[PDB]
There are 4 protein chains.
Amino acid sequence: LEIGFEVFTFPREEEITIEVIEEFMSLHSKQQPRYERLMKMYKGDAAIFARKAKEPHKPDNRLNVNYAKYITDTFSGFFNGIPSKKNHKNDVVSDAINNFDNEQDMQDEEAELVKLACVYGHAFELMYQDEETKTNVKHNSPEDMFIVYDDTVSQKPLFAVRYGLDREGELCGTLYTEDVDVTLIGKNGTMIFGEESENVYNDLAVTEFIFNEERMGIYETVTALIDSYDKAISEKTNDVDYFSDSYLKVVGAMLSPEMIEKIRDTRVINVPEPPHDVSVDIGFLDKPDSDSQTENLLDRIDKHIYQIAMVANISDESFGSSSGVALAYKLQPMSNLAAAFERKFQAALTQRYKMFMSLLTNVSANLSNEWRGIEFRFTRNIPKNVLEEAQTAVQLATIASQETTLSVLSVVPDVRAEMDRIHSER
Amino acid sequence: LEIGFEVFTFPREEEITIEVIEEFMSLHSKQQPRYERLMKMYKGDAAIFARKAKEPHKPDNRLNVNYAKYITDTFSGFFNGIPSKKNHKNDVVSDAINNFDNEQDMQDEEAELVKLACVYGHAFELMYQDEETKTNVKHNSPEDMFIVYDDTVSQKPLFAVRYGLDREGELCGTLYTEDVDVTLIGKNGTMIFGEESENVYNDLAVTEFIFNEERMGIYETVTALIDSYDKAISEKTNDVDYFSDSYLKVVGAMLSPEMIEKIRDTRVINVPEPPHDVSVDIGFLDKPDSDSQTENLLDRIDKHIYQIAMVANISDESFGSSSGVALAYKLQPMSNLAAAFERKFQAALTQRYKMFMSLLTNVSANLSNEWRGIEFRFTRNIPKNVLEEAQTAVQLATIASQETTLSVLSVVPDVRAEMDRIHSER
Amino acid sequence: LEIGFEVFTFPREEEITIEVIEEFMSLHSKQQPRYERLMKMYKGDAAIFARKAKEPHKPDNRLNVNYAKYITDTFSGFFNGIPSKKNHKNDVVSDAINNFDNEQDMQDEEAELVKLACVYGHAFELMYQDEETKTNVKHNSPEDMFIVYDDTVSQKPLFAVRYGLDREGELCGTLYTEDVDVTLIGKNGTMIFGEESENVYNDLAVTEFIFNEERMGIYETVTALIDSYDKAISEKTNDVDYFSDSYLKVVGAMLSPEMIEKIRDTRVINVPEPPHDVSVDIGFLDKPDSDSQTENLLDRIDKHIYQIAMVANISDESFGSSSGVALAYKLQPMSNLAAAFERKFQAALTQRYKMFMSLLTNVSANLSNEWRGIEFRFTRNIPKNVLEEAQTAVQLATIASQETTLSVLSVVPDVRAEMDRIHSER
Amino acid sequence: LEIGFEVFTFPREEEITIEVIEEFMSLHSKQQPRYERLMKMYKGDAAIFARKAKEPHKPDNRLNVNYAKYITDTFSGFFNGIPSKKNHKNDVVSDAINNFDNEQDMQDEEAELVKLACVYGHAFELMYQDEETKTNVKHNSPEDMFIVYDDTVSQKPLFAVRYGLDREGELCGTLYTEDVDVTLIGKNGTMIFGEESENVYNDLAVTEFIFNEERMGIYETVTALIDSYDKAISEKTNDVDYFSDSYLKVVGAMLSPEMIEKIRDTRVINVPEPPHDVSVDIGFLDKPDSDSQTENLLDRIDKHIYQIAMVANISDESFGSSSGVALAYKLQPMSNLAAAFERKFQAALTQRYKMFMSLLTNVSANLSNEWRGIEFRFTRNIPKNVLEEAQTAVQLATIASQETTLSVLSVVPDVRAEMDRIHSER
């Protein structure tokens, strides 16, 4: 099928009519099955369960080994294991940003956005004003929302749509534009604009987060290997069950079920009068157990699945042993992937915080254009040694400032609080 | 069947009638079997016991190897091994919080909530006021309770239900709403509202804790591998029992049971007059013992069960050997999973403590909006070296404050008590 | 059968009649066989001894390998190897608690309660006042006692029963309630209330200790593996015994018992005149000794028995070798289980000491509500290095207080006595 | 086909007519398929999927192992993992450059340009002036743009073209020259010049980035090995599937399907009356499993793929073990390739910043010719030890200046901010 998503482009000048919106509805409905399959693969269901049944009495075993969940969870834990840190020079801006983050729980939202970006490929975020004049945010899956850009080289966002069936079975949705917001309602089957409300913000209220520039998932390129591995392991499991280990062969003599009633307790076999014309043969038949091709194939497939996906198999027995730096080397591709994703994530967060202080309620008009001063710090989740960090801080205290010295210490949650406490002490 | 749970959504405006509650109870009764199976798997019973019986005289062995209990207990010990620490700047708020925690024994409640979240997928907590004007909490299983959200983007909770049969066999339950609480009673089979009581709190009395956003258990995705492993080991146990090790074959001569009465003490076999027409054959038959496919299959299944579940097999013989850091690496996926769950757990605890101080009895009206300042610290249960911590504290005492220096020491149970004792000494 | 125990629930309001007690007696008599089997498994008897006998002249060997006693003793030694330490700030409260513990010999009671909780799943403790106005405690097995909780969500204890046949063969028992205690006496077969006595305490006189929330034993889930291991080892022992090592075969010639009288001292065999018509064959027959499947099955079962029970096999030759930290890792699951049980044990101890100071005889009325201040410290029984502890204390004396510094030293039995002696010295 | 791209050359003097542009578009349309294939190989699709199908009932498996994505992602992470640092002596120039970079989010642009250069071989960058008198940059793929150099030895750029079909299906494009910019519009099929606008800049607005002087991709020379590896692994997967492990052969006797209904539970085979004339043979047939040539071929191909591409396989189990410097040696070829590309990247960046300050709006006319003073620093993404860097800084502080000492510290993001903070402290 299709292994990527292409952005929609619409000319700037012409008006946005219902027909264009409906055409985009058709285009997105065409693309939904890929998202459905990608979600179903992660959730636990597999394609092995859909295979045709076998003959009535032959054994049939279906085993699924879930790699997508492992990869997604490992990467999500690596990247967003420790919450990001945001700070500024001016006290008012930093105080407002920290208060907003505490009020709106940025940690869970960021974690869910990262997970959605990893699974589907891209995710959307919605921002709105509540009844008590406060700024709220939310995260949506890309199944119900799409965004359309203009055809200019700059490619700025133009409008976005969100829809869905209601309880009674008719389409209800909302249209977001730069200037106005419109509610879409339909009863007989058509769509008619219902109401318009002014946009307090200066831009679109929908932001797009992208894993890549082609909008591809982490495990989109390793589906065939997973399917083949599941098929091979299921076939081996089927082959193990059919036959026994050893058999007993008696040819030329009559044996009754009553005699073999106690075969474990009797260890002497006697044939007193064998037939003259034919020959009597007794012996054991063994099942041959020699498999070498399947093991090699499975090993190669298992190694390739982990290598190609750029995720390290930490718990492997052949992983790095008894070394300081050699262990850190094996985690390098995951660090590279995290650094690649951070480039988009930081820009998206900068856009969000640029949007945040636009309103006069949050900050004064003087400080509106100060979003350029925000600084972000990201830390990966790796094992850490406290003593080495303490010694490093002690050595750096000689030639570096207090803020830099306290920044290295992982024990310190906030440098400003510690400096305030030190000043209070003396 | 179904591998996840989908939240109920109901529109905000219309009234809550009895038919809506009955429909939602029907929906929950539809979903109960999954919870029943998940609990039965953990408790000890297995699906191997339900297989059809074999022939009357063939051997039949049923062996169950329990992995779900091991995984759940290991994760519960890792996460909540050491109770969480909660502190604040203001003295009154901290005193009230610690007094409430001591009075309500929150360690057991948190441990049981974590275990329920791990087993079923999600769990509920109930808060109520007793006769002596005190705040109490309790934990319930998700079999008897469900919560319904609204259809808005914010998705705030709307109402929750709890029901169950009484001693005489008629439905009795309670309905929780934001403003009022209603008791449901039914005798002939119908349901009628019985009584209404005001809600002292400012929100719902039921809080939901979720393991994931898809609301899945830890071992929900590894059922097939466990079943296959149990079946294979049981079948091998059956195969071992049937046949003996070696047999003796005598063909062409008559052997009487009296002669073989003492076969251990007689080591000479003699045939003085063999028959002329036929041939006499005497020898030993050995049972073939060569199994290589079953061992490889079992090893692969056993490795996959531990790897996919993201729980480390610490007691394995091939586990990390003779290394300071290589041992710490193998525990990383469990740390990632714990960090992922902590994101939801901290937010839920924040909601609980937000709801706690709303009442004027607990704290004054001035300090009601101070729940933002609560800080949570979580620590994992890993082997620790006291000397390294002491040296780290000694080094940190040079550059950091006294509170941070005493925080690192694991020997210290409470920082404030130690500061008070040090001040008392001098 | 049944793999867990479900608590009895009774509504609060209605009176406690003799019929309710009789019904609960029947219910408990239904559950007794599980306790009987669990105790019989630990005591030494096994199910292997109950198998049907074989035919008269085949060998029959019955071997029992006891894992339940090993697991229970190891866990009991690990958890309660070192008696717990209990201390307080106020001199009077700590002195009274220590005097009570010294008078009642509480270490034996705690050890027996832990063992009973491990074996059966739950155990009861009874408190009573003697003739000389003193508080005594005792521990009972769950065979003769059951406790019934109320119906409310808080699930508070309501009443408990203890019964048993007397010397002459008629039922005699005691009923404990919150307000009164009644003696149950019956001679013809019915039960009639005999006498009533006031309850000096402010709650029930019976306290329940639970291992888990499902009330399961340590080795309840590993019975099948133990039985299979015993059966397999017994079968192998039977197989080894029946046959000899090597045999001598003589065909075609007459050999008399007198010739084989001295077969060790004669090493030349001669046949001077063989029969013309038939052929003479002489040779040795060897019993085949090739077993590979049984060894693998036994090894897998033995490994699973220790792994699933979450108890470490310290005496294994494959155990951790030549490493400071790798040895500490292998004991982690046992530490997790101990931490899980400590949560229930500490709460139960807190309840007991809350009940203890209710009486005015023990302490003054002013200090009755001070049971919140009691602090419990638990330590595990692991090998310890004295020099490391001494160096840690020396380093900690620089930054920490005297009590904390002396707490680390394992040589010190009581910090207060050492501080008093130090003050006496100077 | 063609394994490289040759630049177009046109004499300087003669006018640029529409026929020349049409001829160059024809030439570029000739070259497009190579770019299409190169992008399709990276995106995930492979040539294995295009092979002809087999006969209906033989198994057919298609497996794709993606090396191009792995190589491209690894190299992109290595080179541009850490954003480049640009600084100057004069305050105004450095401030303007940093403000421009911050406003234009240049890290994403640089990363995308590097990726496009790695995949196709060369990429273009466009600069333009927006409505609010600001300088913007963008990156384009080489599918829609080509640049023509002059005929002189110095080979200076002369003009560039960008075209593409519009919504209605007619050609629309833009022509960039040194002095003027013209819009190309065509409706009937021909092309006519539409409008002319002055060029504010002093040179072409299109800049070319080249990976090599032959304009070749990273993985252009390793296509055959990848295709052969995919075909071989697919053939092995097909071979493993067709046949079973073991078969049972019965010759001379009639066996009915009813008897083999339960073959796992019956382990005795009996033939009471064999036919007189023919012979009865029973035995097991084993599938031969001996493969040695395929493994060696696959290993050689896999090693050559990584070696020839000059990209290190970090995740290999045979990678460097337990050595400080031996690990650094294995990464040397990748460092050599990065150094080779760095020259072209730096030259292009210098040309861009030469263009940037030409306008009087950005800086004063006095500082226009100061683009020589810009200094670029590039660092690679490798594991780093903080303690070693701290010790190096401490040792260097004795002999070197403050800026050089602070440059080594990786913790320091900007030397100027740290110096300002230190000066503020004292």
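Regarding how it was determined, this PDB entry cites cryo-EM in its header, along with a resolution of 3.46 Å.

Per the PDB entry, chain A goes by Gp3 and derives from Brochothrix phage NF5. In its PDB record the entry is named "Cryo-EM structure of bacteriophage NF5 portal".

A.B. asks: Hey, could you go over the interface of chain A and chain C for me, with residue numbers and the actual values?
C.D. replies: Each side of the interface is counted separately: chain A has five residues, and chain C has nine residues. In total, chain A and chain C occlude about 710 Å² of area from one another, counting both sides; carbon and sulfur atoms represent 38% of this. Summed over the three residues of chain A that lose the most area to chain C, namely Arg264, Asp265 and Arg267 of chain A, the buried surface amounts to 76% of that side. With its nearest N and O atoms 2.5 Å apart, the salt bridge here joins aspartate 239 of chain C to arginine 264 of chain A. For the pair chain A and chain C, the number of links is three residue pairs in polar contact. The residue makeup of the side of chain A that touches chain C, split by class, is no nonpolar, one polar and four charged.

A.B. asks: Any chance you could break down the packing of aromatic side chains for me, citing the residues and the numbers?
C.D. replies: This structure, assessed with the given rule, holds 89 aromatic pairs over all chains. Judged by centre distance (6.2 Å) and plane angle (65 degrees), the ring pair of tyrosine 70 of chain B and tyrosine 306 of chain B falls under edge-to-face. Separated by 236 residues along the polypeptide, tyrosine 70 of chain B in helix 2 (residues 68-79) and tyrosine 306 of chain B in helix 6 (residues 293-308) bring together distant segments of the chain. Taken together, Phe5, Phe8, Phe10, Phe24, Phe146, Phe159 and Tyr163 of chain A form an aromatic cluster joined through their ring pairs. The ring of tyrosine 353 of chain B carries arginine 352 of chain B above its face, with NZ or CZ at 5.7 Å from the centroid. Positioned above the aromatic ring of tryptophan 371 of chain B is the side chain of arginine 372 of chain B, whose terminal nitrogen or guanidinium carbon lies 4.6 Å from the ring centre.

A.B. asks: Could you give an account of the interface of chain C and chain B, naming the residues involved and the relevant values?
C.D. replies: Where interface size is given, it is often the accessible area lost as the parts come together that is meant. In this assembly, 78 residues from chain C lie in contact with 95 residues from chain B. Across the chain C to chain B interface the summed buried area is about 7900 Å²; carbon plus sulfur atoms make up 59%. In this structure, the connection of chain C to chain B is made through four salt bridges. Two residues, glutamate 214 of chain C and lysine 115 of chain B, come together in a salt bridge whose shortest N-O distance is 3.6 Å. Linking chain C with chain B are 20 residue pairs in polar contact. When residues of the side of chain C that touches chain B are assigned to their parent elements, the largest contribution, eight residues, is made by helix 6 (residues 293-308) of chain C. Looking at side-chain class alone, the side of chain C that touches chain B contains 33 nonpolar, 28 polar and 17 charged residues. Taken together, the four bridges between strand 12 (residues 268-271) of chain B and strand 11 (residues 246-251) of chain C define a ladder with parallel strand orientation.

A.B. asks: So what's going on with the relation of the copies chain C and chain B? Residues and values would help.
C.D. replies: Laying chain C over chain B is done by rotating through 30 degrees and shifting 0.0 Å along the axis; what remains is an RMSD of 0.1 Å. Both copies present different contact surfaces, since only 17% of the interface residues of chain C are interface residues in chain B too.

A.B. asks: How would you summarise the sheet that holds strand 3 (residues 122-129) of chain C if you had to cite specific residues and measurements?
C.D. replies: Residues and elements named next belong to chain C. Sheet architecture is open: three strands sit in the order 4-3-10, paired in antiparallel fashion. A strand with exactly one partner marks an edge of an open sheet, and here the two such strands are strand 4 (135-140) and strand 10 (206-210). Adjacent strand axes in the sheet meet at a mean angle of 25 degrees, parallel and antiparallel pairs treated alike. Of the pairings in the sheet, the one linking strand 3 to strand 10 comprises five bridges and is antiparallel in character. Bridge assignment links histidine 122 to a residue of strand 10, and that residue is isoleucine 210.

A.B. asks: So what's going on with helix 2 (residues 68-79) of chain D? Residues and values would help.
C.D. replies: With twelve residues, helix 2 of chain D extends 17 Å between its outermost C-alpha atoms, agreeing within 8% with the 16 Å of an ideal straight helix rising 1.5 Å per residue. Buried residues dominate helix 2 of chain D, accounting for eleven of its twelve residues. Taken residue by residue, helix 2 of chain D has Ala68, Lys69, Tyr70, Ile71, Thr72, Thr74, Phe75, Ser76, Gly77, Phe78 and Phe79 of chain D as its buried positions. Looking at the packing, one finds that the buried side of helix 2 of chain D touches helix 6 (293-308) and helix 8 (332-356) of chain A together with helix 1 (18-43), helix 4 (106-119), helix 6 (293-308) and helix 8 (332-356) of chain D.

A.B. asks: Describe the pairing of strand 4 (residues 135-140) of chain A, naming the residues involved and giving the relevant values.
C.D. replies: Of all the six residues making up strand 4 of chain A, five are buried; the element is thus mostly covered by neighbouring parts of the structure. In sequence, strand 3 (residues 122-129) of chain A turns back onto strand 4 of chain A through a hairpin of five residues, with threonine 133 of chain A there showing a positive phi of about 55 degrees.

A.B. asks: Can you lay out empty space enclosed by the protein for me, pointing to particular residues and giving the numbers?
C.D. replies: Taken as a whole, the largest cavity holds about 530 Å³ of empty space. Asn212, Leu337 and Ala340 of chain A together with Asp73 and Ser76 of chain D are, among the 31 residues lining the largest cavity, the residues nearest its centre. At seven residues, helix 8 of chain A tops the list of elements feeding residues into the lining of the largest cavity. Across the lining of the largest cavity, the residue classes tally to 13 nonpolar, nine polar and nine charged.

A.B. asks: Hey, could you go over the relation of the copies chain A and chain C for me, with residue numbers and the actual values?
C.D. replies: Between the two copies, chain A and chain C, the superposition gives an RMSD of 0.1 Å; the rotation angle is 60 degrees and the shift along the axis is 0.0 Å. In the structure described here, the two chain copies are related by an operation that fits a six-fold rotation axis. Residue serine 322 of chain A, judged by its C-alpha, is the member of chain A lying nearest the rotation axis, at 14 Å.

A.B. asks: Please set out a nonpolar patch on the surface residue by residue, giving values where relevant.
C.D. replies: A surface patch of nonpolar side chains, amounting to about 430 Å² of accessible area, comprises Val268 of chain B together with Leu255, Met259, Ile260 and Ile263 of chain C. Counting through the fold element by element, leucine 255 of chain C comes out in the loop between strand 11 and strand 12 (281-286).

A.B. asks: Could you give me a rundown of the packing of helix 2 (residues 68-79) of chain A against helix 8 of chain A, with the residues and numbers involved?
C.D. replies: Residues and elements named next belong to chain A. Axis separation between helix 2 and helix 8 bottoms out at 11 Å; the angle between their running directions is 70 degrees. Classed by the angle they form, the pair helix 2 and helix 8 counts as roughly perpendicular. Of the two possible hands of crossing, helix 2 and helix 8 adopt the one that is right-handed. On helix 8, the residues touching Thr74, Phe75, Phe78 and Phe79 of helix 2 are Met334, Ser335, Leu337, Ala338, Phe341, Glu342 and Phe345. Taken together, the residues that form the contact of helix 2 with helix 8 break down as eight nonpolar, two polar and one charged.

A.B. asks: Quick rundown of the pattern of salt bridges? Include the residues and the values.
C.D. replies: Pairing between side chains of opposite charge can happen when the charged atoms of each approach one another. Per the counting criterion, the structure on display carries 97 salt bridges over all chains. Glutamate 342 of chain B is paired through a salt bridge with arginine 380 of chain B; the nearest N and O atoms lie 2.8 Å apart. Of this pair, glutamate 342 of chain B sits in helix 8 (residues 332-356) while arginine 380 of chain B sits in the loop between strand 14 (375-377) and helix 9 (386-396), placing them 38 residues apart in sequence. Just as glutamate 342 of chain B is buried, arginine 380 of chain B falls in that class too. For the salt bridge of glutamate 295 of chain D with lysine 236 of chain D, the shortest nitrogen-to-oxygen distance reads 2.3 Å. Note that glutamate 295 of chain D is positioned in helix 6 and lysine 236 of chain D in helix 5 (residues 223-242), a separation of 59 residues in sequence. You can call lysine 236 of chain D buried: its relative accessible area is 5%. Residues joined by salt bridges that share partners form a network here, namely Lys54, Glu235 and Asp239 of chain B together with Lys262, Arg264, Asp265 and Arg267 of chain D.

A.B. asks: Explain the side chain of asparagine 313 of chain B to me, using residue names and the numbers behind them.
C.D. replies: Residue position: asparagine 313 of chain B is located in the loop between helix 6 and helix 7 (326-330). The residues touching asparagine 313 of chain B, leaving out its near neighbours within four places in the chain, are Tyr70, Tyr306 and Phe319 of chain B together with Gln307 of chain C.

A.B. asks: Summarise the packing of helix 2 (residues 68-79) of chain C against helix 4 (residues 106-119) of chain C; cite the residues concerned and give the values.
C.D. replies: Residue and element names in this part refer to chain C. Running from N to C, helix 2 and helix 4 point in directions that differ by 140 degrees, and their axes come no closer than 10 Å. Of the possible angle classes, the one that applies to helix 2 and helix 4 is oblique. Seen from above, helix 2 lies across helix 4 with right-handed handedness. Listed contacts from helix 4 to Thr72, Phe75 and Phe79 of helix 2 are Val114, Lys115, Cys118 and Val119. Across the contact of helix 2 with helix 4, the residue classes break down as five nonpolar, one polar and one charged.

A.B. asks: A description of the sheet that holds strand 13 (residues 281-286) of chain B should follow, citing residues and the corresponding values.
C.D. replies: The strand order across the open sheet formed by three strands is 12(A)-11(B)-13(B), and the pairing between neighbours is mixed. Each edge of the sheet is formed by a strand with only one pairing partner; in this case those strands are strand 12 (268-271) of chain A together with strand 13 of chain B. For this sheet, the mean angle separating the axes of adjacent strands, direction not counted, is 20 degrees. With six bridges joining them, strand 11 (residues 246-251) of chain B and strand 13 of chain B adopt antiparallel strand pairing. Note that in strand 13 of chain B the partner of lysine 249 of chain B across the bridge is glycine 283 of chain B.

A.B. asks: An account of the side chain of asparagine 199 of chain C is requested, with residue identities and associated values reported.
C.D. replies: Residue and element names in this part refer to chain C. Along the chain, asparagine 199 turns up in the loop between strand 9 (192-198) and strand 10. Judged by its relative accessible area of 10%, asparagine 199 is buried. One polar contact links the side chain of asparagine 199 to the main-chain carbonyl oxygen of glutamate 178, over a distance of 3.2 Å. Looking at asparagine 199, its side chain comes within polar contact range of the main-chain oxygen of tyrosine 201, at 3.5 Å. Contacts of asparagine 199, omitting those with residues within four sequence positions, involve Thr177, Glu178, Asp179 and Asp181.

Rules and cut-offs
All residue numbers refer to a per-chain count from 1 along the written sequence rather than necessarily to the numbering of the entry. Residues that lack coordinates are not shown. Whichever chain is written first is A, and whichever ligand is written first is 1; the rest continue in order. Values throughout apply to the part shown, which belongs to a larger assembly of chains. To get the side-chain values, all heavy atoms of the structure are used, and hydrogens and water are removed first. Here, residues are in contact when the closest pair of their heavy atoms is within 4.5 Å. Accessible-area loss on putting two parts together, using a 1.4 Å probe and summing over both, is the definition of buried area adopted here. For this analysis, a salt bridge means a side-chain nitrogen from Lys or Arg found within 4 Å of a carboxyl oxygen belonging to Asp or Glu. Any N or O atom pair separated by 3.5 Å or less is treated as a polar contact, with the protein-specific requirement of one donor-capable and one acceptor-capable atom, and with residues adjacent in sequence counted only for side-chain atom pairs. Residue polarity follows a fixed list, in which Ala, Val, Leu, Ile, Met, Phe, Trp, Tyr, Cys and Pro are nonpolar, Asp, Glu, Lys and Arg are charged, and the others, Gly among them, are polar. Stacked, edge-to-face and tilted labels apply to pairs of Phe, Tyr and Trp rings (six-membered ring for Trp) whose centres lie within 6.5 Å, assigned for plane angles under 30 degrees, over 60, and everything in between, in that order. Secondary structure follows DSSP: runs of H or I at least 4 residues long count as helices, runs of E at least 2 residues long count as strands, and numbering of each begins at the N terminus. Both a distance and an angle decide whether a charge sits over a ring: NZ of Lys or CZ of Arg must be within 6 Å of the ring centre and within 35 degrees of the ring normal. Two strands qualify as a pair provided DSSP detects at least 2 bridges between them. Copies are aligned to one another through a least-squares fit of their C-alpha atoms. Angles shown run from 0 to 180 degrees and are taken between the N-to-C directions of axes, each axis being a line fitted to C-alpha atoms and, for helices, limited to the stretch in contact. To estimate how far a helix should reach, multiply one less than its number of residues by 1.5 Å. Partly exposed describes any residue whose relative accessible area lies between the buried limit of under 20% and the exposed limit of over 50%, with all areas from a 1.4 Å probe on protein chains only and scaled to the type maximum. Using a 1 Å grid laid over the protein atoms alone, points where a 1.4 Å probe fits but cannot get out form a cavity; open sets with protein on both sides within 12 Å along at least 5 of 7 lines form a pocket; any residue with an atom within 4 Å of a point counts as lining. Grid points are joined across faces, edges and corners, and a volume is the space filled by probe spheres set on the points. Each patch is built from residues that are more than 30% exposed by relative accessible area and take part in no salt bridge. Like charges join if they lie within 9 Å; nonpolar side chains (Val, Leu, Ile, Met, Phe, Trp, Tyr) join within 5 Å. Here the accessible surface of atoms and residues is derived via Shrake-Rupley with a 1.4 Å probe, and residues count as covered only by protein chains that are part of the display. Oblique is the label for any angle not covered by the other classes, which are roughly parallel (under 35 degrees), roughly antiparallel (over 145) and roughly perpendicular (65 to 115). Here a crossing is taken to be left-handed if its near helix is turned anticlockwise relative to the far helix by less than a right angle, and right-handed if that turn runs clockwise.

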